[PDB]
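For reference, the structure is listed below as structure tokens.
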Amino acid sequence: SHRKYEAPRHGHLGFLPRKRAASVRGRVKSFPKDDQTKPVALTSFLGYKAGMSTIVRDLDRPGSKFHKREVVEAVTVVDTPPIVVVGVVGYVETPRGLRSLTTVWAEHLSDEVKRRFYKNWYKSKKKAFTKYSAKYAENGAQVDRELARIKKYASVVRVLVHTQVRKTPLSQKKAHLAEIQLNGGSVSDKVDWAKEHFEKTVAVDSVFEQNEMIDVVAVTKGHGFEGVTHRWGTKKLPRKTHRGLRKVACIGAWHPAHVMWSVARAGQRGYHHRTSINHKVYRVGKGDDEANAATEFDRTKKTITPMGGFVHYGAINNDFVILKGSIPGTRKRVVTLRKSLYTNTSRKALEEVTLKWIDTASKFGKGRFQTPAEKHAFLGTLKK
RNA sequence: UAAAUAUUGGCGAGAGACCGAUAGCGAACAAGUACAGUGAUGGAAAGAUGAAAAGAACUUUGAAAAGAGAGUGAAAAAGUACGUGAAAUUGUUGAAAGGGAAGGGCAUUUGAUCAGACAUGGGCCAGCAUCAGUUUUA
RNA sequence: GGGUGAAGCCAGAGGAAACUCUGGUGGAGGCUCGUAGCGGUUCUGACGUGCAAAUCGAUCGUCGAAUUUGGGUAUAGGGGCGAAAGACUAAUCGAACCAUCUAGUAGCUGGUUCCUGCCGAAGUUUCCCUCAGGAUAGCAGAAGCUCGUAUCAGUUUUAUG
RNA sequence: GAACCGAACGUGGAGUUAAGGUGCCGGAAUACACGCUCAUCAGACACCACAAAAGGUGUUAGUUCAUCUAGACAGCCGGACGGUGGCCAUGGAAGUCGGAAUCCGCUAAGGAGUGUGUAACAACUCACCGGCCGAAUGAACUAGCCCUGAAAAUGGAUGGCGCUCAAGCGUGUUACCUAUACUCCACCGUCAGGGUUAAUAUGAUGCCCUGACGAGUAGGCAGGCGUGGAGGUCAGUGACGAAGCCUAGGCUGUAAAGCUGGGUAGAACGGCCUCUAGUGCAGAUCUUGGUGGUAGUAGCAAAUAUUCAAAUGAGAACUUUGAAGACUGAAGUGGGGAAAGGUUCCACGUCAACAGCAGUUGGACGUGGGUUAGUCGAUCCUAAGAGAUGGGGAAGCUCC
RNA sequence: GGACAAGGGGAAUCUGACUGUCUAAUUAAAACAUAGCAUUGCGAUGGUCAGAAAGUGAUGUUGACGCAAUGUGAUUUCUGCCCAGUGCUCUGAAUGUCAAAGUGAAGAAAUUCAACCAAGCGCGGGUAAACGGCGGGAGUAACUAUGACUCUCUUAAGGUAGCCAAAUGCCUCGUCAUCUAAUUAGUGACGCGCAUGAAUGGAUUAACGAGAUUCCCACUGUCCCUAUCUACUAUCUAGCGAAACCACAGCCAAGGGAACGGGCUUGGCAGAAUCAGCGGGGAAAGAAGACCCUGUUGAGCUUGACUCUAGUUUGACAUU
RNA sequence: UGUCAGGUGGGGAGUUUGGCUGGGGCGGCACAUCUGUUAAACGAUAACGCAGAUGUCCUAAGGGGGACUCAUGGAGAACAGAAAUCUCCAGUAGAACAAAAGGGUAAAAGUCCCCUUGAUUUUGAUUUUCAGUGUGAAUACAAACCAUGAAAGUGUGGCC
RNA sequence: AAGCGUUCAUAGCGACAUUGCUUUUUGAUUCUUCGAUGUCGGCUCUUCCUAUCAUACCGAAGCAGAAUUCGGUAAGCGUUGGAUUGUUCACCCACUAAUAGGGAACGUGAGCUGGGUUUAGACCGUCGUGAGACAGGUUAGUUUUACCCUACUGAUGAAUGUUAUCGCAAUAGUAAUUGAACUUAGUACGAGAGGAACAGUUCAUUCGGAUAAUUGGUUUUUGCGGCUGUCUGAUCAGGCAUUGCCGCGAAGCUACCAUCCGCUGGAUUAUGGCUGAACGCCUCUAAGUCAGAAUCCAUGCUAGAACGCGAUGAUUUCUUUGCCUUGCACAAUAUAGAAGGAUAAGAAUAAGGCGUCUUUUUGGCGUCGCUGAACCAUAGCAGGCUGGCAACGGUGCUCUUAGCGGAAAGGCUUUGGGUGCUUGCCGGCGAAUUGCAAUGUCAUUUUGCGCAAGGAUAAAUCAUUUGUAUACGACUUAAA
């Protein structure tokens, strides 16, 4: 017999399967579509999620009821120390997809990167990239052959990149290696850029600009096993139920005499790899500056980090990015910011933003005061 | 009122084309016993070391049980968990195969293993030629 | 351990009288709220190869009498007892249990132990408190006896119904 | 695929066909010859797993009738009146609301008129005939293959892949594949018809010759294999090793089975002629006894609670002593009895089993010790009841 | 009442008055009991009841304000009509019927055919707080329903007071009114009511109910819509260590087939060993279907089924 | 009190409470028989297939012999009429024969008139259903004894 | 297709006849199951069908516009909240874009519920003399077991030299959904009444994936503070009341009860068109071709074949006893199957190749194909041992100079040197006996054995630790 009351199904099918996923890093599965007319630039970046904070700003939607008004918003702060290039990879077009031709590396690798190749660093002899470093004692015999090989063949040229994790407050030491594709003019100009940029550092100001849309990529919250009702979002069974009432009652129906793939079951929740789209940037601050949050309306000398600090993280003494809304991931986690694939004329992404005020109260609790100078003005001076 | 006639009980003697310890009486053994039921009643399992206990003195490892040696005897592959010691079922070693079961029948190949008249003085496996019987193809 | 406060007594107020009101005292009832005690409503909760062949929890009914219970004594199977449900009568009840007659009877179910060789069926006719069954003929095997090309044939032809 | 088509079967060898097939899976012509079909849902082989009425200028063949030396159809222009508004009908009917007449002229041809249109005319348009052009066209029907008609539930089935002058549909002509069928030979058994000890060794039940046949449940008869005992007989076998048991050793028989090498073991047991029976097992929710997978899994969670050192001991989460925390809270986890059990009380020794973990502890196990009454109970009296005697029943056990 | 302890309340309808009692382990009720009411039998040589029998018993250490046998079920209020049928009962009239023993006649006797005849049945009377029935079926008409006369069918009588789509109404979710935004429900009226109705008790009703049913107030995770916390499990380890079940085993689609394959046929396919969960399959386990039919198989209960019987009652003979 | 006889006696005892059947039960009879058909041109042949019958009536409606023609139509005769009785012509059965249906029959097997008891006795053989048993019915003789007719004959119940 | 529809058979309808399809109604039948397949509905959850109620894009009208009616390709996407009834069905009150119909053992009971039917208790009416009956009404009545195999949802993992980083993408899955307002405009259209649409702005509905700055919830933070009863002689400071109770309450977890985010290209269907035969015209079609829808396919997102691959990093002692690269012999082990040679134009097929001239091009003039029965290699003991004649070529083995080849390049030409053989043409010695045939053994893989040259001199697990993770593994960190 038929259903009776036809309602929409629980959960999205496309997001199956639901595993742990191997990597903790985001991993960009596709980059933008390239243009040989435009100049050379990086398509992506690496950072760390610090926390969240409120923001008040203007509004210029001629049409809405809140035209030229103060509007409170949600925001996510991202710690982004300077990037360090240390490699080049050639990729050749074949009938069976792309194929890696040759990897090249620089002379002087740091101990942040070299830790990644070992599991037991303290016990090891630290022998990595020693015999490769001897190849650079020939001016550039074996170097410029393989760079000219990548110049002749291959239509795509990516760059190996790692994060600086001695500057950040994390107890990590290890770096995070990652490929970032170069989308620019020609193949020859990509490799000329790459050899000059060995060891050389890269900032965030070169990659991203203010008032721009970004795609975010990172791994979600932990949780673990979880049942049916919270994982999928099914209805509770009545109170008067023998043997459980937080389940699906009927799985399927015999003939077909099997359990269907579409049925909601118990199994792993969280820690999944998701890529979010359209997140507008409000600020691209700098580490070498007192008064980061000093807007033109406010003008009070205070750093972006609140009273006490960011909870389960610490502080920020480097460049950072204020993204609108939420970001998929926990704190202390790696996140890869990607440029948009399609240029919007949507009117949201086009409006020019100017921040009016940023909050810096102790989010570890319910803080009233923003800075210690304000606190000593309200109460004092007893008795310490 | 004896005799010729009866007799799955009792006391005493003979026999068998009868059973051979899941048989034969319920009972070959401390069996109407152990045990169950308020009670009338119900009611099992359990035979075999060796000719002779000669039933393993003495050393050494272990807290001890036992173990390794030694010793008794024709034999301990007879040690009082005892003549012989099958199958289900298990451990070790050796040989072989294994992409949603294995296990069979016909025919080969390879690997293993095994019967069968060349011994006297010092049979098995094929090839060609001319014939017979049955066929096929120019 | 509380609540309610019936008869019976004592004192006052009103009234011309007949009598009528108010205050104490007293402690009635198959009354009433509730502990131990005795029961077993609902959760159709727990457990459901259990702690348990009927228990566990919370919620509930009744709680000074048609009450609850020990020891002794009476009633025994077509009998006993029953404020009556065919209830209870030693986990056994629309007729208990123990032995014997008893290896009760069954047109009904299930099983029925070694090889090759030769022949090879039937589910149809008549009768039956016959229709899941028997008798009777038909079909089958075995043993053969009297004879040795016979007066035969699931067939044809000529003549004729 | 129980039943359809072809064929009925002892064991093997060689040839040849039946029904059905020959792109590949699959052994065998990607043979030969003449047509038809192209499907945005093609079709594909009896019983058999479906399709109809009704339709198509999709294409192929055919039947009956017509016009043709300008076809005539085209297909673009020219005409479409004169008598005439014909009689009638009635507001008005003039070819065109209708009822009947249906005739002439000029004629190349023009109906007393095919419709449009108007109150009725007017105006347009056909029927019929020319003008341009130069060889086949027009109507009505019949059946072939294709298409529309043709909508069901998990993903799906000419057997599948795939096939388009086919590997499809209809028809013809040859080769080739192949059944336990047919022909011929070898061997087995059964049945029939003969011939022969006329001394002439060994079974007259013998020893030969010739011919046909062979499927089979229920059922019947025949000839053999094995098990336990009884009578006879091989002056059978055996402590120099009988019976039993084990064996990817061997030999014989179609088979039931039998004989024999190697190992183990330690007292009896075989063949041939006959007698006799508690004489052969895979099934019975069979009977008794033993052992598996499941599985080192289910589980050992209710009565609030344990901790630190010291001692004994081979060994201590659990025994004994100390210290600290706790609970029952006097309708009690306190102190005594009744029924019921019967040494469980108590000491010394001591852990193979039992105390669903452990154990030096124990209501366990081994060996002993322990209950003292004139006054506390029983004994004595009677209760609801039970029950002899004298008597009377009943064949009587016994009943009142 | 700072912990602990401790009633939710209101307006109705059906039903039994109340306290009480039962299906031990699925039914606690509207069932049973009850006070009250009524009926029947009995004066001891008696009623009711036991026993195989007795010089034997229970009621009864009794005597009608008692013992025995039934119905109804407190109070208020009423209990209408019908003795044809079926029971029960009688100082009813008899001779319609009617046993053995005895009486008579016939016969050689066995026998035979006659009258005579006890109770009990038939015939007559009584009885419904005995079992039961109290229906309708036809018609006549005043006026446009009129409820006064006739008969008579199943026998005798034809539903009186009362109450209702009621736990009793098939047609139905009756029609009208009310409660709601909306009501197959609830309550109030209507009644030719398939098939209501008077101690087989009718109508009403204060208190009481772990009884059934509808609505209103307060209250809330029942619900919109789920979220979080705590202990004890599960989970992992040390030790100890089972049962159910089991032909053989365990991947799908279609086909045909005992008409719904895990094994046959044609395709899809296919990679050691394993751990938490879970309830789609294994037509998953539980029990020789209890429903249904068959059997010439049974048992429990009932009765003008067939054949008997203890007890009791009438008559004859003996005791005499 | 004892023995025998008559009534009462579900208080108690024992036993039965058909079959077929598009499940059973309620209906119906297909359960002993008969006619036509289904039934497929010898016989045989099914269903709760179709249309219908029987559990009797008859001393004459049995048996024999002799007379004579019926249905219906047409033409004529007072009351008399579509229909009473009377007469002639045509008349192969279109009538009648105890009942269901089919077959059979014309100087008759129909209708009327004369005489009677073959609806009698003794026993076997034989067809049909069929086991080639019984039951029922039916057919053909032998030995008798009668009826009827001038006789030949016919008759052992109802034309089959 | 007789009539209806003012006129007019077919806009929409359609009598009298007649062919079908379907198994969501109910009968007919009794093949499967009676040593049991748990029988009514509701709750919960998944997927399939189209005979389409809505939404996308079109055709027809008795379509002026608005509303509605009939049909086409379409199952992509959605289809509700309540009163009464045990109900399926039914009937109402609203909302809505719309409140379409069905299947899956009449889906779904080791998933729940037990109101219904359906046992025993009991009551009422009709029927029966009576026990009892009633497809009449009424009330109270027991819902057992997964620890096994497959299935699904997550999680480890032996083995391809060992270990570690960074990637490609075969295949499988896939998602967005519908409305309201402002403007267009009170404009088109219409006598009026009424009353559109495309583009352009802002917001909502249902659904999905993350997230915790704020608001709300949770409180064993037993963090602070308050209050009862009792116990420690009093005060201070605490125990117990199975978390004693009460108020506020960080951290974490969480809510359309809180905030953010949810893409743009190509090829088609219906349908409407262009050029244009068949059929001298006409025609959207026969050949060819332009636009086109919630359809399909990519882009993007999710997993990553544990028997699909690639690139890069480091590769173990001196007890010697072992590692890698290249040549010796020795030795086992096998080979879906060597036995002269896998011998390189591209495009057309109602057309091409090769050679040679020239208004260098879709150009002239000749010639070949009709099968590879080809073309290159080919005579010597499985190919011996030595001579000359004639060329100055052909080849094998080594070594070097150059370059080309990334799709899986692991191979192709190429200068030169050195060193053999040479059947281009003539000479001189040798072979027997394997006894008349018996594949008569002449390949090519792996492999670890000892040699003797050249070369280099490590990691991962366990234990410990951490929380961005966590049933247990695993994952993420740290540590001379």
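Simple scheme: letters A, B, ... for chains in structure tokens order, numbers from 1 for residues in each chain, numbers from 1 for ligands in the order shown.
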Each residue of chain A with at least one atom at most 12 Å from chain C should appear once, together with its nearest atom pair and the corresponding distance in Å (one decimal); atoms considered: only C-alpha atoms (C1' of nucleotides); ordering: chain, then increasing residue number; output as a tab-separated table.
residue	atom	partner	partner_atom	distance
A:239	CA	C:45	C1'	11.5
A:240	CA	C:45	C1'	9.7
A:241	CA	C:45	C1'	10.7
A:242	CA	C:45	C1'	9.6
A:243	CA	C:45	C1'	11.9
Can I get the selection written as a short mmCIF file (atom, residue, chain, number, x, y, z; two decimals), in the first residue's frame, with C-alpha atoms?
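Dumped to result13.cif:
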data_model
loop_
_atom_site.label_atom_id
_atom_site.label_comp_id
_atom_site.auth_asym_id
_atom_site.auth_seq_id
_atom_site.Cartn_x
_atom_site.Cartn_y
_atom_site.Cartn_z
CA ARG A 239 6.99 7.90 24.88
CA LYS A 240 4.97 4.64 25.12
CA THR A 241 7.46 2.50 23.13
CA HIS A 242 8.95 -0.82 24.26
CA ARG A 243 12.65 -1.27 23.33
#
Test item, helix (DSSP H, G or I) assignment across range 160-254 of chain A, answer as a VMD selection string: chain A and resid 188 to 196 204 to 207
Take the selection from the previous step and output its residues with C-alpha atoms, as a JSON list (two decimals), in the first residue's frame.
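Here's the written file result_2.json:
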[["chain", "number", "residue", "atom", "x", "y", "z"],
["A", 188, "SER", "CA", 57.77, 30.00, -19.13],
["A", 189, "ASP", "CA", 56.77, 32.97, -16.91],
["A", 190, "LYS", "CA", 55.41, 30.58, -14.21],
["A", 191, "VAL", "CA", 58.82, 28.87, -13.77],
["A", 192, "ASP", "CA", 60.77, 32.19, -13.85],
["A", 193, "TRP", "CA", 58.54, 33.34, -10.95],
["A", 194, "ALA", "CA", 59.09, 30.03, -9.12],
["A", 195, "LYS", "CA", 62.93, 29.90, -9.17],
["A", 196, "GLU", "CA", 63.23, 33.53, -7.98],
["A", 204, "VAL", "CA", 48.50, 37.86, 2.50],
["A", 205, "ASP", "CA", 48.29, 41.37, 0.95],
["A", 206, "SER", "CA", 49.74, 40.01, -2.33],
["A", 207, "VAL", "CA", 47.08, 37.28, -2.66]]
Expected answer as a PyMOL selection string: chain A residues within 6 Å of chain G, only C-alpha atoms (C1' of nucleotides): chain A and resi 1+14-17+52-54+63-64+74+94+98-100+102-103+117+128+241+249-250+252-253+258-259+263+265-268+325-326+328+332-333+365
Distance filter 10 Å, only C-alpha atoms (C1' of nucleotides), chain A against chain D, as an MDAnalysis selection string: chainID A and resid 255:257
Spatial neighbours of range 67-76 of chain C, max dist 10 Å, only C-alpha atoms (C1' of nucleotides), sep filter under 3 positions, as a count of residues only: 14
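Near range 90-106 of chain C, within 9 Å and counting only C-alpha atoms (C1' of nucleotides), sit residues 38, 40 and 41 of chain B; 53, 77 and 78 of chain C; 297, 300 and 301 of chain E; same-chain residues fewer than 6 positions away were not included.
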Keeping N, CA and C atoms (P, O5', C5', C4', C3', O3' and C1' of nucleotides), export the residues of the selection given above as a PDB file, in the first residue's frame.
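Written out: part-v2.pdb:
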ATOM      1  P     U B  38       6.760 -34.270  49.360  1.00  0.00           P
ATOM      2  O5'   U B  38       6.398 -35.508  50.296  1.00  0.00           O
ATOM      3  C5'   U B  38       6.744 -35.525  51.692  1.00  0.00           C
ATOM      4  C4'   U B  38       5.545 -35.910  52.525  1.00  0.00           C
ATOM      5  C3'   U B  38       5.046 -37.337  52.368  1.00  0.00           C
ATOM      6  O3'   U B  38       5.803 -38.205  53.209  1.00  0.00           O
ATOM      7  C1'   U B  38       3.211 -35.813  52.378  1.00  0.00           C
ATOM      8  P     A B  40       3.889 -44.963  51.372  1.00  0.00           P
ATOM      9  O5'   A B  40       2.725 -45.507  50.429  1.00  0.00           O
ATOM     10  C5'   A B  40       1.697 -46.374  50.942  1.00  0.00           C
ATOM     11  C4'   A B  40       0.581 -46.521  49.934  1.00  0.00           C
ATOM     12  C3'   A B  40       0.936 -47.286  48.663  1.00  0.00           C
ATOM     13  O3'   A B  40       0.781 -48.689  48.865  1.00  0.00           O
ATOM     14  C1'   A B  40      -0.191 -45.266  48.109  1.00  0.00           C
ATOM     15  P     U B  41       1.935 -49.707  48.410  1.00  0.00           P
ATOM     16  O5'   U B  41       1.893 -49.597  46.820  1.00  0.00           O
ATOM     17  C5'   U B  41       3.085 -49.660  46.011  1.00  0.00           C
ATOM     18  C4'   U B  41       3.176 -48.428  45.141  1.00  0.00           C
ATOM     19  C3'   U B  41       4.377 -48.356  44.209  1.00  0.00           C
ATOM     20  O3'   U B  41       4.186 -49.088  43.002  1.00  0.00           O
ATOM     21  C1'   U B  41       4.171 -46.310  45.363  1.00  0.00           C
TER      22        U B  41
ATOM     23  P     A C  53      11.839 -20.720  39.433  1.00  0.00           P
ATOM     24  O5'   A C  53      10.440 -20.947  38.702  1.00  0.00           O
ATOM     25  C5'   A C  53       9.854 -19.926  37.872  1.00  0.00           C
ATOM     26  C4'   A C  53       8.477 -20.342  37.404  1.00  0.00           C
ATOM     27  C3'   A C  53       7.499 -20.779  38.493  1.00  0.00           C
ATOM     28  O3'   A C  53       6.803 -19.653  39.020  1.00  0.00           O
ATOM     29  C1'   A C  53       7.521 -22.380  36.740  1.00  0.00           C
ATOM     30  P     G C  77     -15.533 -40.713  48.655  1.00  0.00           P
ATOM     31  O5'   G C  77     -15.652 -40.736  47.066  1.00  0.00           O
ATOM     32  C5'   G C  77     -14.478 -40.745  46.231  1.00  0.00           C
ATOM     33  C4'   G C  77     -14.792 -40.142  44.879  1.00  0.00           C
ATOM     34  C3'   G C  77     -14.090 -40.784  43.684  1.00  0.00           C
ATOM     35  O3'   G C  77     -14.927 -40.829  42.530  1.00  0.00           O
ATOM     36  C1'   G C  77     -13.490 -38.506  43.814  1.00  0.00           C
ATOM     37  P     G C  78     -15.950 -42.050  42.300  1.00  0.00           P
ATOM     38  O5'   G C  78     -17.354 -41.413  42.706  1.00  0.00           O
ATOM     39  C5'   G C  78     -18.458 -41.327  41.782  1.00  0.00           C
ATOM     40  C4'   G C  78     -19.289 -40.105  42.088  1.00  0.00           C
ATOM     41  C3'   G C  78     -20.727 -40.138  41.589  1.00  0.00           C
ATOM     42  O3'   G C  78     -21.569 -39.258  42.333  1.00  0.00           O
ATOM     43  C1'   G C  78     -19.471 -38.615  40.283  1.00  0.00           C
TER      44        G C  78
ATOM     45  P     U E 297     -15.911 -46.138  15.189  1.00  0.00           P
ATOM     46  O5'   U E 297     -14.642 -45.508  15.918  1.00  0.00           O
ATOM     47  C5'   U E 297     -14.452 -44.081  15.984  1.00  0.00           C
ATOM     48  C4'   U E 297     -13.646 -43.722  17.210  1.00  0.00           C
ATOM     49  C3'   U E 297     -14.450 -43.370  18.454  1.00  0.00           C
ATOM     50  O3'   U E 297     -14.837 -44.539  19.174  1.00  0.00           O
ATOM     51  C1'   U E 297     -12.798 -41.718  18.091  1.00  0.00           C
ATOM     52  P     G E 300     -18.771 -37.499  30.958  1.00  0.00           P
ATOM     53  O5'   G E 300     -18.851 -35.910  30.839  1.00  0.00           O
ATOM     54  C5'   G E 300     -18.158 -35.050  31.766  1.00  0.00           C
ATOM     55  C4'   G E 300     -18.612 -33.617  31.609  1.00  0.00           C
ATOM     56  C3'   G E 300     -20.102 -33.357  31.778  1.00  0.00           C
ATOM     57  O3'   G E 300     -20.471 -33.260  33.152  1.00  0.00           O
ATOM     58  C1'   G E 300     -19.289 -32.188  29.880  1.00  0.00           C
ATOM     59  P     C E 301     -21.956 -33.646  33.621  1.00  0.00           P
ATOM     60  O5'   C E 301     -22.874 -32.627  32.808  1.00  0.00           O
ATOM     61  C5'   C E 301     -23.371 -31.424  33.424  1.00  0.00           C
ATOM     62  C4'   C E 301     -24.043 -30.515  32.417  1.00  0.00           C
ATOM     63  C3'   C E 301     -25.493 -30.824  32.078  1.00  0.00           C
ATOM     64  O3'   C E 301     -26.391 -30.348  33.077  1.00  0.00           O
ATOM     65  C1'   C E 301     -24.299 -30.369  30.088  1.00  0.00           C
TER      66        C E 301
END
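If you look at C1' of residue 304 in chain E and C1' of residue 96 in chain E, they are 23.9 Å away from each other.
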